[PDB]
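Colleague: Provided herewith is a single structure, encoded as structure tokens, for subsequent inquiry.
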Amino acid sequence: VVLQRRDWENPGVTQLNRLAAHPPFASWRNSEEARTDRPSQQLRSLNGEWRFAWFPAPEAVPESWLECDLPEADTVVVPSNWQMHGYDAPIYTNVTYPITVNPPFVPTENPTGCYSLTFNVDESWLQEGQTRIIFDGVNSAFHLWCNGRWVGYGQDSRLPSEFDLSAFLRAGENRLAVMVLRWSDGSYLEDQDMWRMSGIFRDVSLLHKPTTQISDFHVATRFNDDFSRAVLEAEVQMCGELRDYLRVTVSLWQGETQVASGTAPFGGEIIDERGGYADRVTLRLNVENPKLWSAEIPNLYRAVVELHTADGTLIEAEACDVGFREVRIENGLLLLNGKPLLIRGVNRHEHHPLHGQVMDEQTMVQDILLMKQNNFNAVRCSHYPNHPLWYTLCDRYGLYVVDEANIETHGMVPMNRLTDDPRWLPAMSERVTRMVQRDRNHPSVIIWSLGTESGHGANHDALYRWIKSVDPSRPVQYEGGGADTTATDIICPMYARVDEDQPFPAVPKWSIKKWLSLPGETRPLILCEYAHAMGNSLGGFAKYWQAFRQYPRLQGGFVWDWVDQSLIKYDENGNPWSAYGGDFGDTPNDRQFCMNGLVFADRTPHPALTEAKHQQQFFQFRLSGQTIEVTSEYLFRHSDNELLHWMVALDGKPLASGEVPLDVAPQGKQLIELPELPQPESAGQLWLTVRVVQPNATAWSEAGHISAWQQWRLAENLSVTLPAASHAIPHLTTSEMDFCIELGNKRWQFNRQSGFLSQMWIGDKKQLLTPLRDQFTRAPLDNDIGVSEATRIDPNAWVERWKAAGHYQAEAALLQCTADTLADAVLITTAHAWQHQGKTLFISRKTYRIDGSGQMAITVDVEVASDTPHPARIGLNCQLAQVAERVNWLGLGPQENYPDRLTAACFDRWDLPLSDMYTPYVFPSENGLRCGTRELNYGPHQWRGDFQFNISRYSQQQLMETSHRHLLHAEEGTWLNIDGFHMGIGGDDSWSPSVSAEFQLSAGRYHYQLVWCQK
Amino acid sequence: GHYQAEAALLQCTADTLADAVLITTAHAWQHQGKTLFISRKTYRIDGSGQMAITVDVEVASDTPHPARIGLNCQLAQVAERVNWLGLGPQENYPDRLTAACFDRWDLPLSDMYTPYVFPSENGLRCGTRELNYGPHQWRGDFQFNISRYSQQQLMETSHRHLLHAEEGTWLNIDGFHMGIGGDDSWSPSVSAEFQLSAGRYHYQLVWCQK
Ligand SMILES: O=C1O[C@H](CO)[C@H](O)[C@H](O)[C@H]1O
Ligand SMILES: [Mg+2]
Ligand SMILES: [Mg+2]
Ligand SMILES: [Mg+2]
Ligand code: NA
Ligand code: NA
Ligand code: NA
Ligand code: NA
Ligand code: NA
């Protein structure tokens, strides 16, 4: 029957004998345990060691397994993904389905996971009441047997499947048999851009309920106009035999104080001609001056639901955390408790580099802490309902949650092929309805989502309306079919740009500013995905936040995304390395496109995270003369854990500093008058830095946490006092092959064949391993390569334009090399043309002036042909002989920063170990740049000017040739790249050119100057 | 003190090279102890008769962004025609140059002055690679205006009919020039991208006879 029915190739059958979905139950038999959320004896975990066997298809599974353990089976930890234990390969594919597109059919070669457990059940559990098993997550489908008898079937990998085992179990030893199919008709609705895995990957538990039971409960909170009064409404449903002596009590607690309570027998109000629900009751509780829930202040009450007899005998209790909050869209704005939200959000997949898609509390808490510490207030459950603990943690720590149905059909052609088909409506409906039934009592969930990338079908419209009707308390959004369909309350585009339109046929991505005011449009706009954080990215991030702040109806967005989906593999010595698509022999695959995070898989931050933190700051600053104006972007809280630190420095040297407590109302302003600053003696630029510090520890941060910062240039005193001229004179030595400059025992060698500084000497010590040459190229970033799929060679991508123009192949042709003696210096003049097959790309004209103080002043003027693609950089490079420990600079830092991603960086004197000047992006590229640098120090060298630089043991050539960071080898000496100019990194998306015009090197003529000397 | 600032000489040296003479200068413009601007220049005169001028200007970050960064002189020549390779033929400024076309233009000198009834800076042409006036040629990438009226006369005079042709021809060659604005005329209306706020400025010019 089981093999005959092939229920996993039938979208009409998504379950057999599965129990109704409901909010989290524990069946407490002690009311205080319910109140305080203590563990319940009636809720047992079946997590731990199970037996597992892998088969190539369900037809390969022996019958004996239903009744007896397989001797060849292994013992494994559950929850797990079986790919993580090495039974088969995890597959990374983005859009293209991992199986042949032939709905509802799946491959006959269908990897099958045979899980089994021998466990004890106590007689007391079977003598009365109901014993159910709960599978929180099984990917992608499964049949269940108990003691050899078939129980049921379940689909949807991301919601719990529950089955009544009361009639199947015996006192003492029992055996479960679970056949998990990797592929099913459900897989057609699970085409998320992530690793494709399978198995029992979330918790398994047993729950005992009395026969007469709480089967469901819904909690609503409604408010008067000023939120000074609320009504808590609790609808409660029972199963079992109705009796007149039955009662429901709902009590509401704040800490240990009961603030409200109501008791009633069952029997709802009249609903229609046939009466009412005899098996339901609604309790209404008045609450004066409720403490309101937000991500700012996550105030929680506790609601306890008791099923009992009239004379006071408890049957059972259930409970939940209640957050008093109202979510509504009014006049085109998303409001929480009457105030317009600004969503500082991120998309977060459930991913662990070791455990795959198994989630644990420690990782969840770590993510939330890092999110809040980096000024995020919101998370999107991309693209499925999460592990149930996630919502509990969001309720308590305070994050706004978009809860999303497990529906994505991206690989369909067209994208709505299934979602417009009424045959797929039952399967889609269960993915929506069972999510709502499970999560509707969590205050952190403020918005429902119908899924992602499934086009726009009639099924979406039906399900949009179902939610609107069943739960009016939360807006519904959905991006498919152009982000502004009739199935969404919120314009929710993915990677729509700030100012630039992308007018795709049918589904255009308008400039977000333009989108709001399209004829007849009135809704708020919140990007469900933006600022694609793939590799060296988040260029232009500040542009989004300026617009978010300027436009009331631009209420923010969710960054794509939180965490790199890299996996751990090991070399022959057992050293772990980060793997991406293809590294497991998985094919076809989409390579590094699984790594889009602000953090590495182990939760180490990418440089881009600090840019996000800074732009998402909750305090805004303006300076006018002596006065700092601080504006609060909090909606609900006063600044009661904040003080403003200010410091004034002259070129990194502290001049004055001080503290002022912040006392700003939500949305308010505070004016801070700085004292008289003593005028500095020496020349240079004064810089003002302010930082907002939290003196007191919180649930989410340590004492001293910095939440906000800003910098201004103050007075500048230009250097006019010409330095006292040294008495020494450099000498020019000319041969046919070289111009050599000598000062004391210092030597500068210029090759006359090549026209470059080929060597420098301090006495007998060599300074260079490679000559100092112009560089116009970078090892391509993921945004430069610009493909979302591995098999696309895209002529429009920046890298392809550079390659085809001959940028990486360009050979230097010497046009001029002369040497002149001056009164106090030697002057070397050079010109070079870079050409590709007859075409001049760039011309570089230089002068090197070596004076008696041993300073080499390099002047560089570059012409760039207007018809060549704008170069990635305009600078110089060389391999230095020296390897030093520290890197010291006056400029923007301390972290990596690029022209379109440097707002978070501060101007000061920074000093880091050399290793910190390299960013270990799993896919290697140009990295570690620091901009607006006036002085750089390394070993015996000092460079002064106004440049961008990076410095590392890896050449641009190695970086562009190597696919994985673990494969990189330190080279002899140190590679230095000093740029007059560097192109933006972009990142609005990573599959089309995304570097904004103002960050492209398009000026045609460029000038920069450097001084190289010994320090 | 932008209109009051006097040039103070910091450096003036001359070196003889293989086929050229190199003059190096440095000036600071100060107002009541405050250094507004620093100009550093080299003039390279070679055997072909060309003078290559390299100009590097520092602008104090806390002084109001300057109206222009350039050079001026009164030429002795009064010639009938002005010939340039650049944007034109009409007056155009950095934030008002979209209508202008790049080409070889040739106009009578009088067309290089715009007779605004209230006199001001006028007649600029941008994106110019070559300018010809009498025996003179200037090459580079610059903005220029050229007329019988000095900037001083224009700012001192209230009505265009009160202007008088001065002895030679005033030439203003700018490396950089501020936007003119106009979103309104009663508050600062020049957009940030057209203000001269970069702090350090570089331009180069070749002056020769044709
Ligand atoms: O539009 C999207 O872009 C991302 C690219 O990495 C990723 O595929 C998301 O799941 C998808 O919603
Ligand atoms: Mg099915
Ligand atoms: Mg997708
Ligand atoms: Mg715990
Ligand atoms: Na806004
Ligand atoms: Na991705
Ligand atoms: Na405070
Ligand atoms: Na690479
Ligand atoms: Na005037």
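Lettering and numbering for the structure tokens are positional, with chains as A, B, ... in the shown order, residues counted from 1 in each chain, and ligands counted from 1 in the shown order.
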Counting only C-alpha atoms and all ligand atoms, which protein, DNA or RNA residues come within 7 Å of ligand 9, given as a ChimeraX atom specification?
Modeller: /B:118-120,154-158
Colleague: Show me which residues line ligand 2, defined as having an atom within 12 Å of a ligand atom where only C-alpha atoms and all ligand atoms count, and present them as a ChimeraX atom specification.
Modeller: /A:5-16,103-106,140-143,153-156,181,183-189,423-424,426-428
Colleague: Can those selected residues be exported to a file as a CSV table (one decimal), in the first residue's frame so that it contains N, CA, C and O atoms?
Modeller:
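Generated output (result.csv):
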```
chain,number,residue,atom,x,y,z
A,5,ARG,N,0.9,3.5,-3.3
A,5,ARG,CA,0.3,4.8,-3.4
A,5,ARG,C,1.2,5.9,-3.8
A,5,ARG,O,0.7,7.0,-4.3
A,6,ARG,N,2.5,5.8,-3.6
A,6,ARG,CA,3.5,6.8,-3.9
A,6,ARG,C,2.9,8.2,-3.6
A,6,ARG,O,2.7,9.1,-4.4
A,7,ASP,N,2.7,8.4,-2.3
A,7,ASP,CA,2.1,9.7,-1.8
A,7,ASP,C,3.0,10.9,-1.9
A,7,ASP,O,2.5,12.0,-2.0
A,8,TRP,N,4.3,10.6,-2.1
A,8,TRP,CA,5.3,11.6,-2.3
A,8,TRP,C,5.4,12.0,-3.8
A,8,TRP,O,6.4,12.8,-4.2
A,9,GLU,N,4.5,11.6,-4.6
A,9,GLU,CA,4.3,12.1,-6.0
A,9,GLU,C,2.9,12.5,-6.3
A,9,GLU,O,2.4,12.3,-7.4
A,10,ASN,N,2.3,13.1,-5.2
A,10,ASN,CA,0.9,13.5,-5.3
A,10,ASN,C,0.7,14.7,-4.5
A,10,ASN,O,0.6,14.7,-3.3
A,11,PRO,N,0.5,15.9,-5.1
A,11,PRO,CA,0.4,17.2,-4.4
A,11,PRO,C,-1.0,17.2,-3.7
A,11,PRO,O,-1.2,18.1,-2.9
A,12,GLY,N,-1.9,16.3,-4.0
A,12,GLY,CA,-3.2,16.2,-3.3
A,12,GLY,C,-3.0,15.6,-1.9
A,12,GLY,O,-3.8,15.9,-1.0
A,13,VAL,N,-2.0,14.8,-1.7
A,13,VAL,CA,-1.7,14.2,-0.5
A,13,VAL,C,-0.5,14.8,0.2
A,13,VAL,O,0.7,14.5,-0.2
A,14,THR,N,-0.7,15.6,1.2
A,14,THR,CA,0.4,16.3,1.8
A,14,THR,C,0.6,15.7,3.2
A,14,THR,O,1.6,16.0,3.9
A,15,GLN,N,-0.4,14.9,3.6
A,15,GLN,CA,-0.3,14.2,4.9
A,15,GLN,C,-1.4,13.1,5.0
A,15,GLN,O,-2.3,13.1,4.2
A,16,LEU,N,-1.1,12.1,5.8
A,16,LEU,CA,-2.1,11.1,6.2
A,16,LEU,C,-2.1,11.0,7.7
A,16,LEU,O,-1.1,10.9,8.3
A,103,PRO,N,6.7,18.0,-12.6
A,103,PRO,CA,5.8,17.9,-11.5
A,103,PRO,C,4.6,17.0,-11.8
A,103,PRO,O,4.1,17.1,-13.0
A,104,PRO,N,4.1,16.2,-10.9
A,104,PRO,CA,4.6,16.1,-9.5
A,104,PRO,C,5.6,15.0,-9.2
A,104,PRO,O,5.9,14.7,-8.1
A,105,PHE,N,6.2,14.5,-10.3
A,105,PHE,CA,7.2,13.4,-10.2
A,105,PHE,C,8.6,13.7,-9.7
A,105,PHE,O,9.1,14.8,-9.9
A,106,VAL,N,9.2,12.8,-9.0
A,106,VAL,CA,10.6,12.9,-8.5
A,106,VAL,C,11.4,11.8,-9.0
A,106,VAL,O,10.9,10.8,-9.5
A,140,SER,N,12.3,15.7,3.1
A,140,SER,CA,11.2,16.6,2.7
A,140,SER,C,9.8,15.9,2.9
A,140,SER,O,8.8,16.6,2.9
A,141,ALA,N,9.8,14.6,3.1
A,141,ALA,CA,8.6,13.8,3.4
A,141,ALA,C,9.0,12.6,4.1
A,141,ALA,O,10.1,12.1,4.1
A,142,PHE,N,8.0,12.0,4.8
A,142,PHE,CA,8.2,10.8,5.6
A,142,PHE,C,7.0,10.0,5.8
A,142,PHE,O,5.9,10.5,6.0
A,143,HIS,N,7.1,8.6,5.9
A,143,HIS,CA,6.2,7.7,6.5
A,143,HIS,C,6.6,7.3,7.9
A,143,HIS,O,7.8,7.2,8.1
A,153,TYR,N,1.7,9.9,7.5
A,153,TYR,CA,2.6,10.5,6.4
A,153,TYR,C,2.6,12.1,6.6
A,153,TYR,O,1.6,12.6,7.0
A,154,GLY,N,3.7,12.7,6.3
A,154,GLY,CA,3.7,14.2,6.4
A,154,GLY,C,4.6,14.8,5.3
A,154,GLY,O,5.7,14.3,5.0
A,155,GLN,N,4.2,16.0,4.9
A,155,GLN,CA,5.0,16.9,4.0
A,155,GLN,C,5.2,18.3,4.6
A,155,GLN,O,4.6,18.5,5.7
A,156,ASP,N,5.9,19.2,4.0
A,156,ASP,CA,6.4,20.5,4.5
A,156,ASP,C,7.5,20.3,5.5
A,156,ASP,O,7.3,19.9,6.7
A,181,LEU,N,12.1,10.6,2.8
A,181,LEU,CA,12.4,10.7,1.4
A,181,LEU,C,13.0,12.1,1.2
A,181,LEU,O,12.5,13.1,1.6
A,183,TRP,N,13.4,13.6,-1.8
A,183,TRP,CA,12.6,14.3,-2.8
A,183,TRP,C,11.1,13.9,-2.7
A,183,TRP,O,10.8,12.7,-2.4
A,184,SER,N,10.2,14.8,-2.9
A,184,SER,CA,8.8,14.6,-2.9
A,184,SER,C,8.1,15.7,-3.7
A,184,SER,O,8.8,16.6,-4.1
A,185,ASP,N,6.8,15.6,-4.0
A,185,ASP,CA,6.1,16.7,-4.6
A,185,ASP,C,6.2,18.0,-3.8
A,185,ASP,O,6.0,19.1,-4.4
A,186,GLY,N,6.5,17.9,-2.5
A,186,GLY,CA,6.8,19.0,-1.7
A,186,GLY,C,8.0,19.8,-2.1
A,186,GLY,O,8.1,21.0,-1.9
A,187,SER,N,9.0,19.1,-2.7
A,187,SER,CA,10.3,19.7,-3.1
A,187,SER,C,10.0,20.8,-4.2
A,187,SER,O,10.8,21.7,-4.4
A,188,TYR,N,8.9,20.6,-4.9
A,188,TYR,CA,8.5,21.6,-6.0
A,188,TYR,C,8.2,23.0,-5.3
A,188,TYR,O,8.3,24.0,-6.0
A,189,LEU,N,7.8,23.0,-4.0
A,189,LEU,CA,7.5,24.2,-3.3
A,189,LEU,C,8.7,24.6,-2.4
A,189,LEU,O,8.5,25.5,-1.5
A,423,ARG,N,-4.8,23.0,-8.7
A,423,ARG,CA,-4.3,21.7,-8.3
A,423,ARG,C,-3.3,21.8,-7.2
A,423,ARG,O,-3.1,20.9,-6.4
A,424,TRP,N,-2.5,22.9,-7.1
A,424,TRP,CA,-1.5,23.1,-6.1
A,424,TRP,C,-1.9,24.0,-5.0
A,424,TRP,O,-1.2,24.2,-4.1
A,426,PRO,N,-4.3,23.2,-2.6
A,426,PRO,CA,-4.3,22.6,-1.3
A,426,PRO,C,-2.9,22.5,-0.6
A,426,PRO,O,-2.8,22.8,0.6
A,427,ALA,N,-1.9,22.1,-1.4
A,427,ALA,CA,-0.5,22.0,-0.9
A,427,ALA,C,0.0,23.3,-0.4
A,427,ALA,O,0.7,23.4,0.6
A,428,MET,N,-0.2,24.4,-1.2
A,428,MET,CA,0.2,25.7,-0.8
A,428,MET,C,-0.6,26.2,0.4
A,428,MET,O,0.0,26.8,1.3
```
Colleague: Assign secondary structure with DSSP using the backbone only, and return the residues of segment 62-160 of chain B in alpha helix (DSSP H) as number ranges by chain.
Modeller: B: 151-156
Colleague: So that I can see what lies close to segment 43-45 of chain B, please list as a ChimeraX atom specification the residues with an atom at most 6 Å from it, counting only C-alpha atoms and leaving out residues fewer than 5 positions away in the same chain.
Modeller: /B:20-23,50-53
Colleague: Using only C-alpha atoms and all ligand atoms, which residues have at least one atom no more than 6 Å from ligand 1? Output them as a count of residues only.
Modeller: 3
Colleague: Per residue of chain A within 9 Å of chain B, which atom pair is closest and at what distance in Å (one decimal), using only C-alpha atoms, listed by chain and increasing number, as CSV?
Modeller:
```
residue,atom,partner,partner_atom,distance
A:685,CA,B:61,CA,8.2
A:713,CA,B:61,CA,7.7
A:714,CA,B:62,CA,7.0
A:715,CA,B:62,CA,5.7
A:716,CA,B:60,CA,6.0
A:717,CA,B:35,CA,7.0
A:718,CA,B:35,CA,6.3
A:719,CA,B:35,CA,8.5
A:720,CA,B:28,CA,7.0
A:721,CA,B:10,CA,8.1
A:722,CA,B:10,CA,7.2
A:819,CA,B:18,CA,8.5
A:820,CA,B:17,CA,5.8
A:821,CA,B:17,CA,6.9
A:822,CA,B:15,CA,5.8
A:823,CA,B:15,CA,6.6
A:1007,CA,B:202,CA,6.9
A:1008,CA,B:202,CA,8.8
```
Colleague: Please provide as a PyMOL selection string all residues within 9 Å of segment 752-765 of chain A, with the sequence filter that same-chain residues fewer than 6 positions apart are discarded (counting only C-alpha atoms).
Modeller: chain A and resi 735-739+744-746+771-773+812-818+829-832
Colleague: Name the closest residue to residue 162 of chain B among the candidates B:117, B:67, B:12, B:192; distances are taken between atoms, counting only C-alpha atoms.
Modeller: B:117
Colleague: Which one of A:38, A:170, A:348, A:302 sits closest to ligand 4 if you count only C-alpha atoms and all ligand atoms?
Modeller: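 Residue with the minimum atom-to-atom distance to ligand 4: A:38.
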Colleague: Near segment 125-128 of chain B, counting only C-alpha atoms, which residues have an atom at most 12 Å away, once you skip same-chain residues fewer than 6 positions from it, shown as number ranges by chain?
Modeller: A: 1003; B: 82-105, 111-114, 137-146, 172-179, 205
Colleague: For ligand 6, return the neighbouring residues as an MDAnalysis selection string (distance at most 12 Å; only C-alpha atoms and all ligand atoms).
Modeller: chainID A and resid 92:95 191:195 347:349 382 529 532:535 560:566 580:581 589:597 782 787:790 989:991
Colleague: Near segment 606-609 of chain A, within 10 Å and counting only C-alpha atoms, which residues show up once chain neighbours fewer than 2 positions away are dropped, as a ChimeraX atom specification?
Modeller: /A:370-371,374-375,533-539,541,562-564,597-600,603-604,611-614,894-897,901-902,904,919-921,927-928
Colleague: If we count only C-alpha atoms and set the cut-off at 10 Å, which residues sit around residue 135 of chain B, ignoring sequence neighbours fewer than 4 positions away in its own chain? Please answer as number ranges by chain.
Modeller: B: 77, 79, 208-210
Colleague: Show me which residues sit within 7 Å of ligand 7 when counting only C-alpha atoms and all ligand atoms, and put them as an mmCIF file with C-alpha atoms, in the first residue's frame.
Modeller:
```
data_model
loop_
_atom_site.group_PDB
_atom_site.id
_atom_site.type_symbol
_atom_site.label_atom_id
_atom_site.label_comp_id
_atom_site.auth_asym_id
_atom_site.auth_seq_id
_atom_site.Cartn_x
_atom_site.Cartn_y
_atom_site.Cartn_z
ATOM 1 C CA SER A 639 17.839 57.621 26.010
ATOM 2 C CA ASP A 640 18.166 56.277 29.575
ATOM 3 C CA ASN A 641 21.324 54.208 28.997
ATOM 4 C CA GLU A 642 23.367 56.557 26.817
ATOM 5 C CA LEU A 643 26.125 59.099 27.177
ATOM 6 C CA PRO A 661 24.850 62.467 29.417
ATOM 7 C CA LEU A 662 22.163 62.032 26.747
ATOM 8 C CA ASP A 663 18.608 62.896 27.766
#
```
